[PDB]
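Structure first, commentary second.
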Ligand SMILES: Nc1ncnc2c1ncn2[C@@H]1O[C@H](COP(=O)(O)OP(=O)(O)OP(=O)(O)O)[C@@H](O)[C@H]1O
Ligand SMILES: Nc1ncnc2c1ncn2[C@@H]1O[C@H](COP(=O)(O)OP(=O)(O)OP(=O)(O)O)[C@@H](O)[C@H]1O
Ligand SMILES: Nc1ncnc2c1ncn2[C@@H]1O[C@H](COP(=O)(O)OP(=O)(O)OP(=O)(O)O)[C@@H](O)[C@H]1O
Ligand SMILES: Nc1ncnc2c1ncn2[C@@H]1O[C@H](COP(=O)(O)OP(=O)(O)OP(=O)(O)O)[C@@H](O)[C@H]1O
Ligand SMILES: Nc1ncnc2c1ncn2[C@@H]1O[C@H](COP(=O)(O)OP(=O)(O)OP(=O)(O)O)[C@@H](O)[C@H]1O
Ligand SMILES: Nc1ncnc2c1ncn2[C@@H]1O[C@H](COP(=O)(O)OP(=O)(O)OP(=O)(O)O)[C@@H](O)[C@H]1O
Ligand SMILES: O=C(O)/C=C/C(=O)O
Ligand SMILES: O=C(O)/C=C/C(=O)O
Ligand SMILES: O=C(O)/C=C/C(=O)O
Ligand SMILES: O=C(O)/C=C/C(=O)O
Ligand SMILES: [Mn+2]
Ligand SMILES: [Mn+2]
Ligand SMILES: [Mn+2]
């Protein structure tokens with residue numbers, strides 16, 4: 001709708017020297033750009049050339065995330081060129097590093113910021129966002145950033161990172177994505193004394209005003225963009241996460257990535273592992289390190305899988321144990337146990353375990369899943385214990401970023417002598433044992449799930465997301481694992497093919513949504529695969545020339 | 001999103017001197033307006049003062065229609081002050097006069113113009129319309145403008161007038177209405193030699209390209225604004241009208257005002273008359289003057305009403321006869337008889353009537369409906385014949401504008417000595433007979449129907465409009481007629497109450513759409529009346545002040 | 001700059017159907033305009049066709065002034081088609097009728113409004129004017145609108161009308177003109193009780209705050225647009241008029257149209273008259289009816305002319321007598337005599353005249369100039385006296401509008417039996433005496449002067465305007481009168497050629513400014529005629545196409 005300099009200041013439209021000569025002359029850009037007409041290919045080459053000379057990951061993050069604020073098309077072409085090598089820079093673990101330093105590297109803001117001080121005026125803030133057709137929102141309050149804790153407004157880096165993957169992985173239109181940070185204070189003492197902090201200088205408001213603010217936010221967002229606007233909750237504290245999920249899942253189109261997204265990718269990993277172990281469903285014993293968002297989400301999904309495979313909900317729940325910061329969850333312990341943990345809180349065993357290692361030796365689980373976000377809790381002894389108890393132990397260290405991981409791939413594969421099936425939330429390179437064998441660990445991170453599910457739900461005009469949708473996504477993800485890849489130690493499809501893998505999950509989920517009368521997009525497409533592929537946003541430059549033609 | 005002079009140049013936001021002091025200072029308008037702060041009441045007074053001094057209707061039309069291009073809010077405020085006295089100026093009959101001279105009084109364009117020369121680039125035309133969220137489109141090709149014939153692009157005045165009533169009558173938001181004119185040429189020889197003509201100087205293109213163009217238009221409109229965008233076809237030629245309705249009613253949210261809207265108001269009138277005559281359903285005999293869009297639409301709607309009241313479709317259709325420009329529609333006549341007319345084409349009677357008067361004296365109908373758009377065909381003899389055959393004859397002269405009317409109120413009431421029940425498409429004032437009795441004729445014009453139906457369909461996110469919707473609208477209109485008003489000779493609710501009547505029809509229709517699973521707006525409101533009334537656009541000025549508040 | 005709808009909403013850019021196909025497609029207007037591509041000629045025809053059907057002058061004024069708010073280019077094309085017939089509608093007398101009813105016919109505001117309530121914030125008001133390169137300002141406080149009196153903010157019509165002539169007559173760019181109204185209240189009791197009044201409801205502020213405001217205005221205007229911005233004072237009360245001229249003429253580029261502009265046109269008329277009377281400079285006796293802005297302005301210019309032709313300043317002033325509302329101006333009268341009148345206030349004659357007729361018989365003047373703004377004071381007896389005293393009496397009735405004129409053309413020509421040389425401020429058509437002789441009276445209105453002077457001053461970058469500039473404009477106007485036109489009774493060039501006349505005056509004035517080291521535009525052009533003609537704004541449409549071209 002506008003010509004001249006503004007077309008170059010808006011990263012959404014700016015093509016740099018790729019604007020053709022005719023576009024420049026017709027749009028008032030001639031003279032404002034160097035004479036040279038470039039191609040996106042030359043621009044990509046300039047980027048990779050500069051990236052090569054850079055040393056630190058944070059330096060690289062600043063550079064490429066900056067490109068998103070300069071030339072959006074080029075930004076995604078850059079990710080698309082090699083998503084695997086750029087993932088650790090734009091996503092975990094470096095995104096965690098960027099958040100902890102957000103106030104120090106700040107240059108331009110990204111996303112919508114809503115604070116408790118704006119209560120009563122949230123709608124006018126939403127009306128300030130430039131884009132008029134938002135379809136996907138990723139929101140956080142920064143209380144549980146990865147396993148890093150409370151980073152307040154510095155946590156806005158997470159939503160922006162997630163939304164980049166929406167587009168890079170599933171082809172969801174960037175102009176229809178909206179990262180949101182809800183600022184109600186922070187209990188991080190270091191930030192409250194940091195002069196570069198970008199949020200309110202107050203402790204977190206935990207009164208009803210907090211709930212009222214979230215309510216106002218959900219209403220404002222949907223009032224402007226539609227009741228079926230996808231709203232993904234990310235990195236909210238344990239308490240708030242479940243209650244907001246329960247409270248809104250039936251009234252809005254929403255899901256929690258740390259409860260349901262992580263649950264689905266974990267399940268996909270276990271299904272892949274079972275494909276190589278073939279353990280009798282009755283001999284499965286799962287022990288969780290932690291009992292929060294991820295543990296409960298994963299546990300509930302594992303149970304649904306066992307139920308649709310014979311076992312009763314009750315018998316399935318008995319195969320799952322949890323161990324949190326206070327110890328094993330057993331009936332009558334002094335430490336609390338909420339409604340969600342009840343189903344997995346069993347009667348105290350022969351002896352009560354003091355450490356996690358004791359829990360492993362006493363319960364003798366076949367699977368160990370780390371989701372405590374508290375560092376190396378899967379000690380060498382915990383790993384050796386699992387190797388002596390099981391022929392093929394399954395060890396999952398899902399906490400992010402790297403430093404918070406329960407253990408590394410190198411430790412898991414070595415201490416088990418290449419007999420375990422390992423998956424981690426953050427990346428670890430291939431591991432070569434002294435005997436020459438090479439193991440390539442998979443990354444059990446929800447990035448394999450949310451892009452594809454988000455794409456399907458949006459295309460199908462789904463109103464509410466049921467848990468079964470994530471079970472279906474879990475299956476669609478694992479069903480893409482080729483046997484040759486399992487052999488190498490991969491419990492998930494190669495990260496290099498995350499684009500195709502995400503589109504395939506969306507296709508499967510879209511078919512599931514229509515089959516179960518959960519899709520409201522009319523008419524129903526006959527071929528779901530063609531339907532999804534035709535609607536994916538591409539990073540190639542579009543022509544900005546007005547339609548000129550002679551009249552007959 | 002903009003300030004300064006532009007706020008005054010856009011009729012949508014321009015308040016004139018009604019901009020408060022704070023708005024002017026905060027939006028950069030101080031000094032661009034006189035110091036005086038006015039109210040809308042004062043602005044309305046200025047208008048009525050000036051209107052009073054004007055003489056000709058066309059002069060008045062140019063003035064008030066011009067206000068819509070200067071101050072939209074004030075425009076509707078003015079219509080709302082006295083819709084009854086302004087209706088004949090902004091709508092029939094004057095709008096017909098305006099179209100005839102459109103090129104002579106042209107000042108500023110309104111609506112979108114799509115020509116056959118634009119085939120292949122229609123989407124680019126649709127992208128030029130400034131509004132982003134259109135919900136209703138009224139389109140014409142100007143081939144059958146009222147009973148005036150082919151006026152080509154001069155016919156754009158009709159869609160503009162219709163959309164004014166959408167808002168003034170049913171409170172549909174103006175910024176969500178789009179008047180469109182499809183220009184593929186004109187057969188009007190006078191216009192092709194007129195130097196002020198606003199369209200292509202060529203005969204009408206009646207080849208497949210025309211159909212292709214309309215196809216491209218329907219697709220471009222829905223691609224930008226949504227598949228459930230209400231598309232009202234207005235004043236298309238007979239052949240094109242039915243085939244476009246049949247072709248699109250199942251694939252788009254569309255209806256034809258001349259076939260379905262007129263059918264509904266006509267039926268509402270008959271239902272009211274029956275309430276005064278109480279004639280045995282078996283003794284009903286309806287004779288149509290004309291057998292096109294209106295005749296066929298009305299006939300089909302009368303048949304549905306009879307079937308839902310006992311009679312079978314077969315026997316109901318036998319009570320309906322039609323007489324067109326070639327004479328009585330009888331089986332085997334030399335003049336064509338298409339698919340739609342077949343059900344009402346009977347076996348030749350005892351003697352074949354030559355004139356309409358012969359048809360009346362031979363068939364002895366109890367009801368006569370004029371929809372020939374060809375002038376005074378209901379001659380004094382025709383009327384006298386009806387008064388001698390029926391105690392209380394029903395005479396409807398629905399052709400517009402006034403000069404095309406089959407007869408006047410004065411003629412109908414006088415020649416039947418006040419025994420008839422009369423309704424006309426164009427307005428006629430009260431009639432006083434030599435014996436002192438005063439008769440107030442009703443106006444059977446679709447304006448009583450499309451505003452209310454359009455509102456309901458838009459609010460309910462209806463995907464397709466069935467004919468039963470118009471049957472329900474017909475019933476909702478007639479159920480608002482108070483017995484006291486029927487006595488006056490009113491077959492329709494007072495035009496002065498058009499606003500309230502349209503909202504009531506909308507409520508009834510929305511209740512019908514939900515009850516028959518035709519509404520897709522979720523969640524379903526419990527109280528449909530409160531649902532409709534809360535969403536009607538109002539002509540009162542809104543505050544344009546930015547949201548300023550302190551941070552606690 | 002802009003693209004799309006905005007181009008059509010701004011009268012400056014809007015071309016209506018004259019936008020070419022390429023222009024529409026490249027500027028995003030395709031579909032927003034009827035398919036027809038028109039020329040300005042066709043638009044001009046539409047206008048004249050509509051104007052013919054109209055009856056009253058006020059109705060015509062509203063219509064054409066409304067065009068300035070829709071299509072500026074077309075507006076001036078229309079004036080140019082026939083400036084002589086539209087002059088009385090856009091200018092005197094109709095413009096006076098319009099201002100007296102400005103609040104009743106208001107539709108859109110024009111110009112900048114500065115009120116006493118904005119004292120201290122005048123600059124921010126000036127910063128709200130959209131145009132960035134203003135070169136001419138016409139300002140009024142509405143206290144002396146024509147001979148109509150105090151009309152307050154209703155007087156804005158005058159600065160708007162004057163600027164129209166800046167462009168229509170001298171080709172001064174419209175976007176570089178700014179009409180301004182200074183509102184400090186009004187003493188007009190009728191307006192203070194009018195609900196449609198557009199100004200502050202308070203009597204005029206005659207305190208130092210008024211002077212402050214005017215001073216703040218001059219500084220604000222010059223600060224944003226430049227010290228050489230031409231500021232034309234128009235219709236200020238007698239007291240303020242002189243004091244502001246004297247106070248600012250040496251610090252800013254300013255002049256008063258009622259004092260200096262009127263003076264130059266009157267002088268030009270006298271010079272023409274002398275060309276047909278050849279009366280010995282010694283026997284010249286001028287009697288003024290009134291002794292304010294115009295009389296003092298004219299008197300001083302006449303004096304300069306006589307001095308430059310022999311007579312000393314002292315003896316030239318002796319040939320000038322003035323008669324105001326209290327009687328003849330004689331030394332020692334009870335009525336005040338200010339500094340400006342002193343030079344023309346002589347010793348009481350043998351008998352002190354009581355009426356103007358008595359003043360004529362006693363002083364026996366050869367020239368009579370009416371500038372009292374008080375109606376028909378040149379009674380039949382006054383005129384008869386002049387014809388009896390002189391063979392070829394010179395009678396000037398310069399007050400406006402028509403009703404305030406001292407006498408009509410018909411009155412002057414008949415009562416003097418065609419022997420007088422007449423000129424009036426308002427227009428009067430040809431007069432035919434009973435003997436068959438036809439006399440065409442000239443219009444001594446400053447419109448023959450300010451357009452040309454204004455153009456010259458602007459083009460020359462003149463800093464201050466001396467009284468001698470007006471003397472040269474007076475000579476420049478008169479030197480264009482052909483002998484044949486003198487014969488007809490014309491003291492001024494035909495109004496129909498006002499465009500060429502203004503351009504010629506501008507050329508003579510720029511040559512004068514350069515010759516007298518008053519022009520600062522560098523370099524100095526060698527051919528002033530080519531310099532002026534090349535820079536006049538034209539009403540023909542310009543191409544809005546972006547520069548598109550192929551590269552080698
Ligand atoms: N690439 C995309 N990224 C985000 N949302 C998308 C994307 N592609 C399509 N959609 C959304 O998915 C929904 C269904 O898509 P579809 O194209 O069938 O609908 P549409 O109404 O024709 O499109 P639109 O409303 O965008 O013009 C729409 O609401 C649309 O906004
Ligand atoms: N040192 C620890 N040893 C065992 N369990 C711990 C330890 N520290 C914390 N935990 C447990 O880890 C769980 C964290 O749950 P929470 O909902 O906060 O996050 P999460 O999303 O499940 O974890 P992740 O960091 O893997 O995303 C809690 O149940 C907590 O008791
Ligand atoms: N006054 C109106 N005129 C025209 N369309 C309307 C009007 N009011 C509401 N609508 C439309 O009716 C439909 C249902 O109304 P509702 O208010 O329930 O929807 P919404 O999604 O909350 O609104 P919106 O999409 O406008 O923000 C919407 O598509 C809306 O655009
Ligand atoms: N002079 C006539 N006498 C009888 N019938 C006529 C006469 N002239 C035209 N007709 C008929 O009137 C009908 C007009 O139908 P068409 O579809 O063109 O318009 P309509 O919308 O039905 O009429 P209206 O002008 O009332 O809106 C045709 O069937 C035509 O044969
Ligand atoms: N009734 C009257 N008879 C004679 N002189 C009058 C009469 N009424 C007013 N005057 C004089 O006319 C003069 C008006 O001067 P003022 O400065 O107000 O306006 P102006 O610009 O000179 O006049 P014009 O109306 O021609 O533009 C005053 O000198 C005043 O005394
Ligand atoms: N047609 C016009 N109407 C009003 N002002 C004009 C017009 N034409 C030229 N001017 C002004 O007259 C002055 C001298 O004219 P000239 O064209 O020599 O100047 P310039 O500095 O080259 O032009 P500019 O500053 O407009 O780019 C300038 O200040 C210019 O703004
Ligand atoms: O190569 C380019 O045109 C852009 C580079 C950047 O934004 O860093
Ligand atoms: O543009 C930058 O690098 C920083 C801006 C800021 O500190 O606000
Ligand atoms: O009264 C007003 O402010 C506007 C009047 C108009 O646009 O005609
Ligand atoms: O003829 C035109 O295009 C414009 C006419 C007007 O603005 O009145
Ligand atoms: Mn997370
Ligand atoms: Mn119609
Ligand atoms: Mn004046």
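We count from 1, first residue shown onward.
Note that Cβ sites are derived from N, Cα and C of the backbone, with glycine treated the same way.
According to Swiss-Prot:
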- A:91: active site, proton donor (ACT_SITE)
- A:162: active site, proton acceptor (ACT_SITE)
- A:46, A:70: fumarate binding site (BINDING)
- A:144, A:400, A:445: (S)-malate binding site (BINDING)
- A:144, A:238, A:291, A:293, A:294: NAD(+) binding site (BINDING)
- A:234, A:235, A:258: divalent metal cation binding site (BINDING)
- A:135: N6-acetyllysine (MOD_RES)
- A:203: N6-acetyllysine (MOD_RES)
- A:219: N6-acetyllysine (MOD_RES)
- A:251: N6-acetyllysine (MOD_RES)
- A:325: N6-acetyllysine (MOD_RES)
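Feature map: Swiss-Prot annotations on the structure.
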residue	record	Cβ contacts under 8 Å, 6 or more apart
A:91	active site, proton donor	A:161, A:164, A:165, A:447
A:135	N6-acetyllysine	A:172, A:173, A:176, A:177, A:225, A:229, A:230, A:458
A:162	active site, proton acceptor	A:138, A:179, A:232, A:234, A:257, A:450
A:203	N6-acetyllysine	A:185, A:186, A:187, A:192
A:219	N6-acetyllysine	none
A:235	divalent metal cation binding site	A:140, A:141, A:142, A:143, A:144, A:145, A:146, A:155, A:158, A:258
A:251	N6-acetyllysine	none
A:291	NAD(+) binding site	A:322, A:323, A:324, A:329, A:341, A:344
A:294	NAD(+) binding site	A:258, A:259, A:262, A:263, A:266, A:371, A:398
A:445	(S)-malate binding site	A:92, A:265, A:398, A:400, A:425, A:426
Of A:70, A:144, A:325 (the recorded positions), the residue whose Cβ has the fewest other Cβ atoms within 10 Å:
A:325
Site with most surrounding Cβ atoms, counting all protein chains shown within 10 Å, from the binding-site residues A:238, A:400:
A:400
If you count, for each of the binding-site residues A:234, A:258, the other Cβ atoms lying within 10 Å of its Cβ, which residue has the minimum?
A:258
Between residue A:70 (fumarate binding site) and residue A:293 (NAD(+) binding site): CA-CA distance (Å):
37
Please report how many Å separate the Cα atom of residue A:46 (fumarate binding site) from that of residue A:325 (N6-acetyllysine), as a whole number.
49
Per DSSP, three-state class assigned to residue A:445 ((S)-malate binding site):
coil
Span of the NAD(+) site, taken as the largest CA to CA distance across A:144, A:238, A:291, A:293, A:294 (Å, rounded to a whole number):
15
Using a 10 Å radius around its CB, how many other CB atoms surround residue A:293 (NAD(+) binding site)?
26
What is the interatomic distance between the Cα atoms of residue A:325 (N6-acetyllysine) and residue A:238 (NAD(+) binding site), given in whole Å?
14
Could you state the whole-number distance in Å separating the C-alpha atoms of residue A:238 (NAD(+) binding site) and residue A:70 (fumarate binding site)?
37
Count the Cβ atoms, other than its own, that fall within 10 Å of the Cβ of residue A:46 (fumarate binding site), considering every protein chain shown.
14
For the recorded NAD(+) site, enumerate neighbouring residues of the same chain (Cβ within 8 Å of the Cβ centroid of A:144, A:238, A:291, A:293, A:294, site residues themselves excluded), in sequence order.
A:241, A:258, A:259, A:290, A:292, A:295, A:296, A:371, A:373
Once A:234, A:235, A:258 are set aside, which residues in the chain still have Cβ within 8 Å of the Cβ centroid of the divalent metal cation site?
A:140, A:144, A:145, A:158, A:233, A:236, A:241, A:256, A:257, A:293
Which of the recorded positions A:135, A:219, A:235, A:251, A:400 have a Cβ less than 6 Å from any atom of ligand 2?
none
